[PDB]
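Participant: This is the structure, below, for whatever I ask next.
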Amino acid sequence: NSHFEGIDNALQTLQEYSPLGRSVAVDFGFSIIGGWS
Amino acid sequence: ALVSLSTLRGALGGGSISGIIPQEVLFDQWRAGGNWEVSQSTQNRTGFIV
């Protein structure tokens, strides 16, 4: 069963999107009531 | 007296509906990336469902 690395690496790449060098959405809101001028 | 097998394998015993029955979950996961491999031991086992 040796040469585990050939599939251990496959297991590793899965979680290879850890939060580094990446961005997430940020939301800015507003609220207005009864029309405006 | 002798007797030949006389199609005892296919005719005298006729036929019957057969299949497999789930009994346990050997592996269950999800993955986003390259293809999938799963190497499963054949020891003391007869069939699997995928």
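Participant: Compute the FRET efficiency between A:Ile32 and B:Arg31 as 1/(1 + (r/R0)^6), taking r as their Cβ-Cβ distance and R0 = 41 Å, and round to the nearest 0.05.
Facilitator: About 0.35, to the nearest 0.05.
Participant: Can you pull the three principal axis extents for the Cα set of chain B, in Å, largest first?
Facilitator: Here the Cα extents, ordered largest to smallest, are 65, 22, 21 Å.
Participant: In addition: Report the local net charge at A:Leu11: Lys and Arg +1, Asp and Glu -1, summed over other residues whose C-beta lies under 12 Å from its C-beta.
Facilitator: Details: positive: B:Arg31; negative: A:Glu5, A:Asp8, A:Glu16, B:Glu37.
Net charge in that neighbourhood comes out at -3.
Participant: Further question: Based on the Kirkwood radius over alpha-carbon pairs, what value in µm²/s does the Stokes-Einstein equation return for the translational diffusion coefficient of the protein assembly as shown at 25 °C and 0.890 mPa s?
Facilitator: For the chosen part, D equals 116 µm²/s.
Participant: Let me ask something else. Tell me, what is the FRET efficiency for B:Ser39 and B:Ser18 to the nearest 0.05, using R0 = 25 angstrom and their Cβ-Cβ distance as r?
Facilitator: It comes out at approximately 0.35.
No lab work stands behind these numbers, since they all come straight from the coordinates. Counting neighbours? That spans all protein chains shown, and the Cβs are built from the backbone with ideal geometry, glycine included.
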